[PDB]
Ligand SMILES: Nc1nc2c(ncn2[C@@H]2O[C@H](COP(=O)(O)OP(=O)(O)OP(=O)(O)O)[C@@H](O)[C@H]2O)c(=O)[nH]1
Ligand SMILES: Nc1nc2c(ncn2[C@@H]2O[C@H](COP(=O)(O)OP(=O)(O)OP(=O)(O)O)[C@@H](O)[C@H]2O)c(=O)[nH]1
Ligand SMILES: Nc1nc2c(ncn2[C@@H]2O[C@H](COP(=O)(O)OP(=O)(O)O)[C@@H](O)[C@H]2O)c(=O)[nH]1
Ligand SMILES: Nc1nc2c(ncn2[C@@H]2O[C@H](COP(=O)(O)OP(=O)(O)O)[C@@H](O)[C@H]2O)c(=O)[nH]1
Ligand SMILES: [Mg+2]
Ligand SMILES: [Mg+2]
């Protein structure tokens with residue numbers, strides 16, 4: 002799951018140098034230390050205990066197919082350099098309209114730059 | 001030294017046996033008569057006084073005619089006459105008949121024959137046991153066999169290669185009753201399973217090998233390649249030798265979740281190798297394309313909990329780590345939260361051999377991948393759906409009750425799978 | 001390392017791909033089987057496991073017969089079989105069926121083939137995409153693929169060679185509807201365009217190449233010459249090489265203005281080239297001539313905003329500059345006020361190659377030109393004129409709605425192009 | 002023809018087939034031993050000496 | 001006189017140990033048969049350090065090859081220097097652990113550790129004065145990480161005063177070849193801090209880089225990797241075998257590298273590695289030898305020392321040098337980068353000179369360095385272990401050996417006090 | 001001793017520096033292999049200034065080639081003097097900046113800044129007494145103008161007192177080869193004016209002027225242009241490499257040229273440039289050098305000093321001459337042309353003499369002049385800046401990189417404050 006840091010050798014495992022020319026997973030560059038040992042958090046067969054707090058994320062990942070993906074996807078590259086005030090807003094609202102698309106693993110993470 | 005015994009069960013198991021045991025003859029150079037015309049074959053064969061080598065296999069069936077073909081085929085003198093065990097009457101697509109009435113007749117005979125193969129070997133590594141979830145013998149008798157093999161060998165590995173019901177096509181109507189009941193045994197009396205349905209290999213063969221009209225002998229050969237690359241490190245030297253006990257530990261996170269998925273690549277024809285470069289990057293991406301898993305499921309809708317990689321041939325630790333690192337830096341794949349390092353790597357030297365009359369071209373490198381994933385959880389939900397709507401109105405129950413098992417096993421077997429589906433969900437919830 | 005992937009779509013895409021890739025093999029030296037009897049070819053070809061070079065191209069069409077002519081042609085062995093992707097039924101001049109219903113079938117498959125191709129590339133510069141505004145597959149699917157390409161590949165360039173429909177001639181009745189709808193989708197999901205209508209190339213071949221009865225091949229050869237010179241700086245060295253990134257930045261001044269106009273020169277016949285010397289100054293004045301643009305619009309009806317120059321052959325840097333100085337000192341060529349320096353010049357060494365049986369006489373020097381201007385805004389005006397008077401009666405829309413797209417999408421798409429004309433007005437006003 | 006050093010080594014395994022392995026070592030009479038001195042090496046070819 | 005008994009555990013230990021013995025055999029001119037064929041007299045003045053005398057002028061390595069699986073050792077036997085090891089030293093069981101630390105340390109190790117102890121107690125009592133033992137293994141396995149740690153535990157009880165070094169291999173972050181790697185890693189380092197004089201942390205992924213970028217090998221197999229680590233094990237004991245202007249040995253670093261008994265984790269690196277194209281453009285000098293030595297890329301562990309502070313440094317040298325130059329460099333590097341060297345110890349670095357260079361090379365050097373950047377390797381491993389151990393993942397294999405859960409709790413606790421006490425020395429004031 | 005590390009950034013940076021290293025290799029008698037084949041002692045006495053030493057009597061340049069696109073580096077390595085460079089010093093990324101200063105300075109130019117800092121740190125600490133560094137690039141580009149400014153801002157912080165020259169190329173008004181050229185030129189002088197010690201403003205159209213009119217070459221390639229620039233880069237440091245009657249170096253010129261830290265922009269010029277026919281009618285005398293030396297048509301910038309005041313002037317003579325005639329000739333031009341020299345500094349001319357002439361030539365001289373006629377350049381750019389910047393054009397490329405808008409406003413302010421500050425020294429009273 003979590004990708005760690007090769008420190009000096011991180012250049013060798015950057016996503017583009019590994020010929021993976023798509024959006025990729027983040028890199029956990031720094032970590033902290035844990036004092037003492039750790040309590041058992043699951044019983045047999047890997048079920049979480051009643052007392053522990055659990056996430057609300059779906060237990061089956063988050064992947065969108067073609068027929069599930071929204072019919073009008075705004076682009077990833079958004080740049081507000083000469084847009085009118087309202088034309089800036091309808092573009093920004095359009096991206097935020099569907100919260101499922103931005104949150105999926107296969108879904109796009111948009112970039113936004115500039116003000117009208 | 002390392003030695004293994006194959007416990008092929010059923011018409012599925014016997015016909016699989018012809019494909020794989022032919023492959024072990026060409027790999028080692030053993031003639032169909034049984035002599036080499046250098047001791048590299050002790051794990052599967054075993055020599056006698058006359059110089060002949062007899063296989064370490066036990067073909068079992070409850071009806072004669074499949075094994076009868078083996079007794080008069082090309083390799084009739086290759087196999088010992090005693091190990092091809094049959095029966096006069098079979099279960100006929102019935103778990104109960106193959107578990108309580110007809111199985112108990114010849115259970116004792118085969119449990120003597122297994123011992124007479126066990127004592128010849130010094131270091132047993134495990135038992136490769138092949139059966140099918142569908143037919144009566146592959147479901148019933150093979151389930152009894154694991155129960156009595158557990159008590160006689162507490163610690164020995166019991167690998168379980170299986171044929172799982174296809175999602176749409178099936179050659180039996182009562183089969184969902186069969187598949188539900190036998191999963192008790194492969195839950196508490198097995199160490200690893202390799203469920204694979206035929207419809208996936210039907211799809212893979214015609215999509216990749218261009219054979220638009222396949223047959224079971226085509227399918228039997230790919231399964232022969234999968235078992236071959238599992239035991240290749242046991243058989244020939246490798247940079248990273250991987251044993252049977254190695255990947256049993258590094259595939260099963262919990263005793264009730266021991267159901268990985270097989271994946272083989274490349275599987276391409278001779279014309280399609282004439283245009284295509286093969287490098288370790290280009291075949292290890294094929295292990296994660298959802299179009300190539302030998303079960304009809306998508307890992308993109310689940311998350312991997314353990315993946316074991318089996319390289320073979322002209323492969324270098326150069327390309328292995330670059331390809332694995334490229335796999336990790338992908339947002340498409342999902343790993344469970346508790347498993348940050350979920351890879352087991354095996355590197356071997358001897359490239360896969362080519363059988364004449366086969367379908368694949370001969371290649372310089374290959375891979376097999378075994379990935380325990382929670383995306384298989386979808387298969388039981390459909391299986392428990394179809395078992396439900398048949399058992400809601402007591403269809404076919406009179407056949408099983410008449411054989412002499414209580415009906416309380418039917419309801420109890422449904423709940424264990426009901427609990428097992430929730431198991432595959434709680435591992436999907438991260439804290 | 002300099003690499004481009006071609007994503008040719010539709011009958012225009014396939015027939016252009018035949019002429020374009022026929023040029024590349026003769027340009028590098030690859031025999032039609034795939035065997036070279046210098047790593048420069050890696051920009052288009054990829055080395056394999058037999059000693060071949062297979063293209064980095066994806067031919068796609070929704071009707072089989074256009075692609076089947078490739079599969080039984082001269083180059084049946086050069087192209088990998090997996091790359092040529094077809095389907096049973098075609099969109100049949102309909103954006104809706106090409107976008108929402110039948111385009112969506114093969115969007116998963118062609119995304120996988122593109123991914124494998126992009127995996128093999130080391131540093132891919134961008135994506136070259138050839139299609140048409142008229143056909144359903146060339147417009148409906150290519151809009152869907154462009155939209156789904158941006159989410160998969162956010163930053164990488166997506167160039168769009170395309171066929172803008174004609175003012176006067178036409179092969180279709182419905183194409184105003186199809187052309188309107190695809191610019192709205194691809195306005196925010198595109199980087200550059202090089203629209204070329206066929207009559208504008210038709211008159212040039214008639215007037216300059218003596219061929220009074222041309223066919224689509226004579227046009228497809230000329231289109232290939234444009235694509236050859238764009239990537240020429242990647243392939244062979246030059247005094248001032250250009251990339252795909254370099255000329256996209258110096259040709260799109262505002263986020264919604266990405267419609268340059270291509271121009272090639274010289275284009276003369278062998279008998280007509282004998283009497284006429286070709287110098288740098290002679291051919292660079294031919295690049296600004298209204299009679300020689302392959303868009304039917306005279307830039308005397310507007311102002312240039314950016315010009316990208318692509319020189320090639322026996323050319324001298326001092327004479328490129330003496331030519332541009334003369335070009336500026338003539339008010340027939342008028343520039344915007346906010347682009348005082350509106351040129352992007354590149355110089356390459358290798359003279360353009362000639363295919364036997366073609367049209368152009370082989371020449372020592374050649375020029376290509378990509379001039380963005382507001383004299384294209386009149387072309388959108390006539391297209392809305394053709395879009396209006398069909399739309400008032402709601403003709404042909406029963407086809408589109410019956411496929412599965414709402415009529416409210418018709419009004420919004422025309423409204424955006426109503427804004428795009430006013431966009432092309434404000435930049436053309438001097439302060 | 003090079004001195005033994007890191008970087009000065011070339012494999013002979015290129016194009017060699019039959020990477021078989023022999024059963025050197027093994028138990029006889031419950032005693033660890035090298036069973037048989039006459040078995041060949043990897044590839045079914047004779048050893049040195 | 002001063003003898004070294006070479007211990008050995010597991011597949012990583014055997015393939016490292018097989019390469020190591022041939023490396024010093026070239027140094028001492030020992031042919032595969034085993035007899036003296038070298039020329040100089042200093043090649044036989046201290047051969048008893050590693051070799052034991054046998055009749056007929058034969059030399060026998062003082063090696064103890066240990067492995068639970070008999071078949072890794074036949075690949076050792078079938079190598080070039082295969083028949084140089086005495087068969088009575090080969091110790092093997094029948095059933096392997098399968099990357100299972102619990103199997104190799106508690107249940108199956110306890111049956112094999114009697115026989116290895118008889119071998120070493122025979123090898124110890126043979127020589128007069130042992131300097132100490134030396135074991136090579138890996139922490140991510142079952143035998144070397146397992147039984148190999150119980151060996152070290154037992155010798156220190158028997159032989160408290162002798163030294164005991166370990167060229168272990170620690171698992172890497174980016175690519176992991178075993179899913180139970182962090183289970184075996186934490187359960188092993190807890191043993192290393194309690195009974196061990198020195199440990200050398202090697203990571204295969206750091207060896208991967210150096211073969212790629214410093215030597216520029218196109219296909220570096222594991223033989224070249226095993227060559228690099230053996231070139232380091234030679235460089236530490238070289239002054240024990242050849243004379244020098246400034247002498248050293250294994251104990252001269254022990255007292256001088258370890259400021260407190262808990263901190264004995266060092267990071268080696270080899271100096272004279274140049275690519276075969278770089279040999280043309282270089283100058284064999286001492287200032288270049290210190291430059292490449294201290295460069296962070298040259299490290300063979302998986303942590304950047306520029307994050308932490310160098311506690312102590314040891315740089316041993318080979319070849320006939322001038323000792324003003326080997327002394328002015330080490331004052332130069334301590335002064336220029338004063339931030340990476342702790343202040344409460346002025347003169348952190350130790351130097352040694354051995355006249356005899358490695359065979360076939362003019363000048364060489366070997367770097368040992370203790371830094372407060374190793375703590376990340378425990379910090380990363382700890383949370384790779386906490387995330388696994390929270391959910392009881394892969395615990396049934398380990399708790400099926402009968403061990404309680406509180407050895408794991410005291411395993412991370414003895415790992416985590418270290419990183420706190422390691423981090424305190426980094427944040428320490430001089431005055 | 002007294003060394004120079006030659007930096008190199010971009011396509012203009014590489015093809016300039018590739019010619020430059022060839023130029024001085026002939027002066028120091030270096031074959032393409034890299035060995036010394038000269039005759040006189042003085043050709044190998046101070047070769048350590050530019051060349052590093054290696055085994056076998058070999059000399060590698062102290063150069064650092066940097067480019068974001070690999071395409072330019074390939075043509076450098078394939079020249080005659082292409083294998084002389086050390087392979088490690090080549091540093092390059094995967095994708096280009098596309099003439100975008102923002103792309104080259106922040107987004108991808110930062111990933112490449114860590115490695116170029118390592119090579120620079122490698123060469124800087126080898127040389128015992130480093131006089132300074134030297135860079136050649138172009139301001140109209142993406143990486144030379146882009147990342148090339150980032151190196152300067154970083155190296156100044158590490159090495160403050162060392163000299164930092166740039167032989168940059170400033171854009172030309174009459175013909176421009178980049179549309180977005182004004183933006184990169186403005187944003188880089190703002191880097192230059194803060195972080196530079198001396199700057200030379202070489203312009204290509206001035207070189208086109210000289211090749212057409214002075215040398216009268218019909219076909220001047222860019223190689224001939226790169227010969228002209230290098231003939232100055234040798235003359236700045238020739239007094240550093242060969243002894244003379246009155247020596248100098250970079251610092252003697254730097255101290256004596258810039259009266260205030262803000263003003264460090266000069267115009268180079270090379271004296272003995274004669275056409276082919278003119279060679280017949282000439283006589284090598286010092287006055288004939290000076291007559292061509294100060295002629296405004298010999299300048300290699302686009303500004304006529306007849307429009308401004310010569311602040312301070314350098315002339316570095318090369319050849320065995322008389323100290324009377326060289327002194328009387330700088331005297332005569334200082335009295336005849338009284339108005340073009342400032343009035344608050346007497347004797348505005350700095351002279352130096354180096355005895356050894358350039359190879360194949362008898363006499364020569366070099367011109368470095370500082371004047372207020374160089375604000376003719378900066379006002380010239382700012383008009384082309386505010387014209388584009390009023391309409392916020394070509395800005396989404398820049399503001400899409402994450403940079404804000406105040407950078408443009410201050411960069412014009414710093415640029416426009418400079419010319420107002422430059423203007424007041426033109427209009428200055430002495431008393
Ligand atoms: N993959 C694969 N499946 C097979 C093959 N042969 C038979 N099967 C499967 O076997 C199932 C039928 O049960 P069998 O194994 O043939 O018969 P059985 O196990 O002896 O049980 P009975 O028929 O009651 O005697 C079918 O559903 C097939 O899917 C084969 O060659 N390959
Ligand atoms: N320039 C040029 N245009 C072409 C060529 N072939 C087809 N076209 C144009 O393509 C338009 C029709 O679309 P097609 O490409 O033929 O068909 P399609 O893209 O598959 O779309 P459908 O017909 O709906 O399936 C015609 O109006 C032509 O103008 C060609 O070879 N060169
Ligand atoms: N450096 C090096 N490491 C190796 C070699 N062979 C295996 N390894 C490492 O050893 C680990 C697995 O060793 P393993 O066989 O499980 O050791 P065992 O359990 O003691 O037998 C992996 O992490 C490999 O990276 C080798 O030849 N060289
Ligand atoms: N005088 C001269 N100018 C050159 C040469 N090569 C390139 N240039 C100039 O460099 C500018 C473009 O540089 P560019 O390639 O964008 O630099 P980069 O982006 O840093 O790689 C052009 O304006 C050319 O005039 C040369 O050999 N001589
Ligand atoms: Mg049957
Ligand atoms: Mg069509």
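Protein chains in written order, with the authors' numbering: chain l, 2 to 117; chain MC, 1 to 37, 46 to 439; chain LC, 1 to 37, 46 to 439; chain W, 2 to 50; chain MD, 1 to 431; chain LD, 1 to 431. We treat Cβ as the ideally placed atom computed from N, Cα and C, and that holds for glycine.
| Query | Result |
| --- | --- |
| Bridge partner(s) assigned by DSSP for residue 64 of chain LD | LD:7 |
| Distance CB(residue 197 of chain LC)-CB(residue 158 of chain LC) smaller than 9 Å | yes |
| Beta-carbon neighbours of residue 361 of chain MD, restricted to chain W and to distances below 7 Å | 6 |
| Coil, strand or helix - residue 54 of chain MC by DSSP | strand |
| Range covered by the beta strand (DSSP E) that runs through residue 165 of chain MC | 165-171 |
| Where the segment 378-390 of chain LC meets chain LD: residues whose CB sits under 8 Å from a CB there | none |
| For residue 188 of chain LD, the three-state DSSP class (helix, strand or coil) | helix |
| Contact set between the segment 6-35 of chain l and chain MC, restricted to residues whose Cβ is under 9 Å from the partner | 13, 14, 15, 16, 19, 20, 21, 23, 24, 25, 26, 28 |
| Residues within the segment 174-202 of chain MD neighbouring chain MC, beta-carbon criterion of under 9 Å | 174, 175, 176, 177, 178, 179, 180, 181, 182 |
| Residue 423 of chain LD: first and last residue of the uninterrupted alpha helix (DSSP H) it sits in | 406-426 |
| Residues of its chain near residue 436 of chain MC, where Cβ-Cβ distance is below 7 Å and the 5 sequence neighbours each way are ignored | 311, 382 |
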